[PDB]
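Q: Dropping the structure in here first, questions after.
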Amino acid sequence: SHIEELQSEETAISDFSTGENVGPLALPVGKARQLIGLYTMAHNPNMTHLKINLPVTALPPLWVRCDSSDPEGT
Amino acid sequence: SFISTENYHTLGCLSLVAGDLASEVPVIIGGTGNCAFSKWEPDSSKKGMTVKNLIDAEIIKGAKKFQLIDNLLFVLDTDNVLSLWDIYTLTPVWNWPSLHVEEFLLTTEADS
């Protein structure tokens, strides 16, 4: 997204890709904890809900990917 | 043996709690700085404790006081807000933001 406007005749030592694409990835563990907390709160009858006046309906589980950015190994 | 938290708690450690769960000694230290929470456990192959878990000072900037009854780490943050935490993995279990609790004490007729 830029236009080259400087001439560099020096030799550069670097590697390049020719068709690799990044597939599905994993969220950070701190990011995963926030979403796990949100799922836990949304299905807790003891929350002071702001949009629901009825007991919360159960839903199949949530599973958030973790990149093991912490020494938990999770 | 002095273990320095100067590389993780740059603004001084505020509260410390020690327990014995999962055949370990989880020492949770809550302070302000780079990391709000530091979980130290004794290294079985050495003489000292090493960090096992770290919580960044992003949601909670630090902990003022701890009270570990059993598998429940009641964490009081720097905003005088109490919360319920699970010590096994430090996941958000409950929060009490409505009550500005400057200090909380848990008392029960303990038998075991």
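Identifiers for the structure tokens are assigned positionally: chains receive A, B, ... in sequence, residues are indexed from 1 per chain, and ligands are indexed from 1 in the order shown.
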Can you check which parts of chain B lie within 9 Å of chain A? Per residue, the shortest pair of atoms and distance in Å to one decimal, counting only C-alpha atoms, sorted by chain and number, as a tab-separated table.
A:
```
residue	atom	partner	partner_atom	distance
B:51	CA	A:71	CA	8.5
B:52	CA	A:71	CA	6.1
B:53	CA	A:71	CA	6.1
B:54	CA	A:70	CA	7.1
B:55	CA	A:30	CA	8.0
B:56	CA	A:30	CA	8.5
B:89	CA	A:72	CA	8.0
B:91	CA	A:33	CA	6.4
B:92	CA	A:37	CA	5.7
B:93	CA	A:37	CA	7.0
B:94	CA	A:41	CA	8.2
```
Q: Could you save the residues just selected, with N, CA, C and O atoms, as a compact mmCIF listing (two decimals), in the first residue's frame?
A:
```txt
# COMPACT_ATOMS: atom_id res chain seq x y z
N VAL B 51 7.50 -18.14 39.37
CA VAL B 51 6.19 -17.65 38.94
C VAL B 51 5.52 -18.72 38.08
O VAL B 51 6.12 -19.25 37.14
N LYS B 52 4.27 -19.03 38.40
CA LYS B 52 3.48 -20.00 37.64
C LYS B 52 2.37 -19.36 36.83
O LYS B 52 2.00 -19.88 35.78
N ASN B 53 1.80 -18.25 37.31
CA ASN B 53 0.75 -17.55 36.59
C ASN B 53 0.93 -16.05 36.76
O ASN B 53 1.42 -15.58 37.79
N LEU B 54 0.53 -15.30 35.73
CA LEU B 54 0.65 -13.85 35.74
C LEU B 54 -0.62 -13.23 35.18
O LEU B 54 -1.13 -13.67 34.15
N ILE B 55 -1.14 -12.22 35.87
CA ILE B 55 -2.29 -11.45 35.42
C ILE B 55 -1.83 -10.01 35.22
O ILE B 55 -1.26 -9.40 36.14
N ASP B 56 -2.06 -9.48 34.03
CA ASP B 56 -1.62 -8.12 33.72
C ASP B 56 -2.55 -7.10 34.37
O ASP B 56 -3.73 -7.37 34.65
N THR B 89 -7.17 -21.79 38.43
CA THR B 89 -6.73 -21.19 37.19
C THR B 89 -6.94 -19.68 37.12
O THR B 89 -6.64 -19.08 36.08
N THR B 91 -9.79 -17.67 37.15
CA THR B 91 -10.82 -17.29 36.19
C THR B 91 -11.91 -16.47 36.87
O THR B 91 -12.19 -16.67 38.06
N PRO B 92 -12.53 -15.52 36.15
CA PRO B 92 -13.57 -14.69 36.78
C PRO B 92 -14.83 -15.48 37.10
O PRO B 92 -15.55 -15.91 36.19
N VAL B 93 -15.10 -15.67 38.39
CA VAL B 93 -16.27 -16.44 38.80
C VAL B 93 -17.43 -15.52 39.15
O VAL B 93 -18.57 -15.75 38.73
N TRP B 94 -17.15 -14.47 39.92
CA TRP B 94 -18.19 -13.55 40.35
C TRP B 94 -17.53 -12.19 40.52
O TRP B 94 -16.30 -12.10 40.61
```
Q: For residue 16 (chain B), find every residue with an atom within 7 Å (counting only C-alpha atoms), except residues of its own chain fewer than 4 positions away, and show them as a compact mmCIF listing (two decimals) with N, CA and C atoms, in the first residue's frame.
A:
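After the write, result.txt holds the following:
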```
# COMPACT_ATOMS: atom_id res chain seq x y z
N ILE B 28 -0.14 -16.24 46.18
CA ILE B 28 -0.67 -15.21 45.30
C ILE B 28 -0.35 -13.85 45.91
N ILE B 29 0.36 -13.02 45.15
CA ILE B 29 0.75 -11.68 45.58
C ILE B 29 0.06 -10.68 44.66
N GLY B 30 -0.74 -9.79 45.24
CA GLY B 30 -1.41 -8.75 44.49
C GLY B 30 -0.82 -7.38 44.74
N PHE B 66 -6.36 -10.04 50.39
CA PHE B 66 -6.80 -11.38 50.01
C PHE B 66 -7.45 -12.07 51.20
```
Q: A:39, A:5, A:51, A:21: which is nearest residue 63 (chain A), counting only C-alpha atoms?
A: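 Of all the options, A:39 lies closest to residue 63 (chain A).
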Q: So that I can see what lies close to residue 15 (chain B), please list as a short mmCIF file (atom, residue, chain, number, x, y, z; two decimals) with C-alpha atoms, in the first residue's frame the residues with an atom at most 12 Å from it, counting only C-alpha atoms and leaving out residues fewer than 3 positions away in the same chain.
A:
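Below is the file that was written, out-v3.cif:
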```cif
data_model
loop_
_atom_site.label_atom_id
_atom_site.label_comp_id
_atom_site.auth_asym_id
_atom_site.auth_seq_id
_atom_site.Cartn_x
_atom_site.Cartn_y
_atom_site.Cartn_z
CA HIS B 9 5.67 -5.50 40.87
CA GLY B 12 5.34 -2.32 45.45
CA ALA B 18 -0.46 -18.43 50.86
CA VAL B 27 1.44 -17.93 46.92
CA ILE B 28 -0.67 -15.21 45.30
CA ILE B 29 0.75 -11.68 45.58
CA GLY B 30 -1.41 -8.75 44.49
CA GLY B 31 0.31 -5.45 43.78
CA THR B 32 0.46 -2.55 41.35
CA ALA B 36 -1.30 -7.09 39.13
CA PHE B 37 -1.09 -10.73 40.27
CA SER B 38 1.94 -12.99 40.73
CA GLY B 62 -3.82 -4.72 41.72
CA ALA B 63 -5.10 -6.38 44.86
CA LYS B 64 -5.32 -4.64 48.24
CA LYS B 65 -6.33 -7.61 50.42
CA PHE B 66 -6.80 -11.38 50.01
CA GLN B 67 -8.83 -13.96 51.92
CA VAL B 75 -9.93 -10.60 45.66
CA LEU B 76 -10.37 -6.97 46.69
CA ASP B 77 -9.00 -4.76 43.92
CA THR B 78 -7.57 -1.23 44.09
#
```
Q: For the strand (DSSP E) assignment from backbone DSSP, which residues of region 8-80 of chain B qualify? Please present them as a PyMOL selection string.
A: chain B and resi 13-18+27-31+35-42+49-56+63-68+73-77
Q: For the residues in the current selection, export N, CA, C and O atoms as a short mmCIF file (atom, residue, chain, number, x, y, z; two decimals), in the first residue's frame.
A:
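And here is the file that came out, again-v1.cif:
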```cif
data_model
loop_
_atom_site.label_atom_id
_atom_site.label_comp_id
_atom_site.auth_asym_id
_atom_site.auth_seq_id
_atom_site.Cartn_x
_atom_site.Cartn_y
_atom_site.Cartn_z
N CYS B 13 4.46 -4.42 46.27
CA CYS B 13 3.43 -5.43 46.48
C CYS B 13 2.50 -4.99 47.61
O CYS B 13 2.95 -4.48 48.64
N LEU B 14 1.20 -5.18 47.41
CA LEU B 14 0.21 -4.72 48.37
C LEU B 14 -0.27 -5.81 49.31
O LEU B 14 -0.28 -5.61 50.53
N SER B 15 -0.66 -6.97 48.78
CA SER B 15 -1.19 -8.05 49.61
C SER B 15 -0.56 -9.37 49.21
O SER B 15 -0.16 -9.56 48.06
N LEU B 16 -0.49 -10.29 50.17
CA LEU B 16 0.06 -11.62 49.96
C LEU B 16 -0.85 -12.65 50.62
O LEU B 16 -1.34 -12.42 51.72
N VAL B 17 -1.06 -13.77 49.94
CA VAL B 17 -1.82 -14.89 50.49
C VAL B 17 -1.11 -16.18 50.13
O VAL B 17 -0.54 -16.31 49.04
N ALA B 18 -1.12 -17.14 51.06
CA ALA B 18 -0.46 -18.43 50.86
C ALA B 18 -1.43 -19.55 51.21
O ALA B 18 -2.16 -19.47 52.20
N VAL B 27 1.25 -19.20 46.23
CA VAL B 27 1.44 -17.93 46.92
C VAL B 27 1.02 -16.84 45.94
O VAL B 27 1.74 -16.53 44.98
N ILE B 28 -0.14 -16.24 46.18
CA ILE B 28 -0.67 -15.21 45.30
C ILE B 28 -0.35 -13.85 45.91
O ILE B 28 -0.74 -13.55 47.04
N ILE B 29 0.36 -13.02 45.15
CA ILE B 29 0.75 -11.68 45.58
C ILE B 29 0.06 -10.68 44.66
O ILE B 29 0.24 -10.73 43.43
N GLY B 30 -0.74 -9.79 45.24
CA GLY B 30 -1.41 -8.75 44.49
C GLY B 30 -0.82 -7.38 44.74
O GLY B 30 -0.83 -6.89 45.87
N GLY B 31 -0.28 -6.77 43.69
CA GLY B 31 0.31 -5.45 43.78
C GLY B 31 0.06 -4.66 42.51
O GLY B 31 -0.58 -5.14 41.58
N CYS B 35 2.48 -6.15 36.46
CA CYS B 35 1.56 -7.27 36.65
C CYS B 35 0.83 -7.11 37.97
O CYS B 35 1.45 -6.87 39.01
N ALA B 36 -0.50 -7.25 37.92
CA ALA B 36 -1.30 -7.09 39.13
C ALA B 36 -1.17 -8.30 40.06
O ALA B 36 -1.12 -8.14 41.28
N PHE B 37 -1.13 -9.50 39.50
CA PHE B 37 -1.09 -10.73 40.27
C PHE B 37 0.14 -11.55 39.91
O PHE B 37 0.49 -11.66 38.73
N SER B 38 0.79 -12.11 40.92
CA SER B 38 1.94 -12.99 40.73
C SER B 38 1.71 -14.26 41.54
O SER B 38 1.51 -14.19 42.76
N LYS B 39 1.73 -15.41 40.88
CA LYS B 39 1.52 -16.69 41.54
C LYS B 39 2.86 -17.42 41.64
O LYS B 39 3.38 -17.92 40.64
N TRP B 40 3.41 -17.48 42.85
CA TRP B 40 4.68 -18.13 43.12
C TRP B 40 4.43 -19.51 43.70
O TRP B 40 3.61 -19.67 44.61
N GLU B 41 5.13 -20.51 43.16
CA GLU B 41 5.07 -21.87 43.69
C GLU B 41 6.48 -22.40 43.89
O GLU B 41 7.38 -22.10 43.10
N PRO B 42 6.71 -23.21 44.93
CA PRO B 42 8.07 -23.69 45.20
C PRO B 42 8.55 -24.65 44.12
O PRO B 42 7.84 -25.58 43.74
N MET B 49 10.85 -20.23 45.08
CA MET B 49 9.58 -20.24 44.36
C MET B 49 9.73 -19.50 43.04
O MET B 49 10.43 -18.49 42.94
N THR B 50 9.06 -20.03 42.02
CA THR B 50 9.04 -19.47 40.68
C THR B 50 7.61 -19.08 40.31
O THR B 50 6.64 -19.62 40.85
N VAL B 51 7.50 -18.14 39.37
CA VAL B 51 6.19 -17.65 38.94
C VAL B 51 5.52 -18.72 38.08
O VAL B 51 6.12 -19.25 37.14
N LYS B 52 4.27 -19.03 38.40
CA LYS B 52 3.48 -20.00 37.64
C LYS B 52 2.37 -19.36 36.83
O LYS B 52 2.00 -19.88 35.78
N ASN B 53 1.80 -18.25 37.31
CA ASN B 53 0.75 -17.55 36.59
C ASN B 53 0.93 -16.05 36.76
O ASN B 53 1.42 -15.58 37.79
N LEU B 54 0.53 -15.30 35.73
CA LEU B 54 0.65 -13.85 35.74
C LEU B 54 -0.62 -13.23 35.18
O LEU B 54 -1.13 -13.67 34.15
N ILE B 55 -1.14 -12.22 35.87
CA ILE B 55 -2.29 -11.45 35.42
C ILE B 55 -1.83 -10.01 35.22
O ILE B 55 -1.26 -9.40 36.14
N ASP B 56 -2.06 -9.48 34.03
CA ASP B 56 -1.62 -8.12 33.72
C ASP B 56 -2.55 -7.10 34.37
O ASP B 56 -3.73 -7.37 34.65
N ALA B 63 -4.29 -5.85 43.77
CA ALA B 63 -5.10 -6.38 44.86
C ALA B 63 -4.64 -5.78 46.18
O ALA B 63 -3.45 -5.79 46.49
N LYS B 64 -5.60 -5.26 46.95
CA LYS B 64 -5.32 -4.64 48.24
C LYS B 64 -5.32 -5.65 49.39
O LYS B 64 -4.52 -5.53 50.32
N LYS B 65 -6.21 -6.64 49.34
CA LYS B 65 -6.33 -7.61 50.42
C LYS B 65 -6.87 -8.92 49.87
O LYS B 65 -7.73 -8.92 48.98
N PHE B 66 -6.36 -10.04 50.39
CA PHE B 66 -6.80 -11.38 50.01
C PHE B 66 -7.45 -12.07 51.20
O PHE B 66 -7.21 -11.71 52.36
N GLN B 67 -8.28 -13.07 50.90
CA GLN B 67 -8.83 -13.96 51.92
C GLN B 67 -9.18 -15.28 51.24
O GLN B 67 -10.17 -15.35 50.50
N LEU B 68 -8.37 -16.31 51.49
CA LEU B 68 -8.51 -17.61 50.84
C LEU B 68 -9.12 -18.60 51.83
O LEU B 68 -8.42 -19.15 52.69
N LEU B 73 -10.70 -17.49 45.99
CA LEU B 73 -9.79 -16.38 46.22
C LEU B 73 -10.58 -15.08 46.13
O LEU B 73 -10.70 -14.46 45.07
N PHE B 74 -11.15 -14.67 47.27
CA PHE B 74 -11.88 -13.41 47.35
C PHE B 74 -10.89 -12.26 47.19
O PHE B 74 -10.13 -11.95 48.11
N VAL B 75 -10.90 -11.62 46.02
CA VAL B 75 -9.93 -10.60 45.66
C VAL B 75 -10.58 -9.23 45.78
O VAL B 75 -11.60 -8.96 45.13
N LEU B 76 -10.00 -8.38 46.61
CA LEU B 76 -10.37 -6.97 46.69
C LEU B 76 -9.38 -6.18 45.85
O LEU B 76 -8.17 -6.23 46.11
N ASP B 77 -9.88 -5.46 44.85
CA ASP B 77 -9.00 -4.76 43.92
C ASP B 77 -8.60 -3.40 44.50
O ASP B 77 -8.88 -3.09 45.66
#
```
Q: Taking the chain letters and numbering used in this document, name the residues of chain A that DSSP puts in helix (DSSP H, G or I), as JSON, numbers by chain.
A: {"A": [29, 30, 31, 32, 33, 34, 35, 36, 37, 38, 39, 40, 41, 42]}
Q: Quick one: distance from CA of residue 1 (chain B) to CA of residue 69 (chain A) in Å, one decimal?
A: 29.6 Å
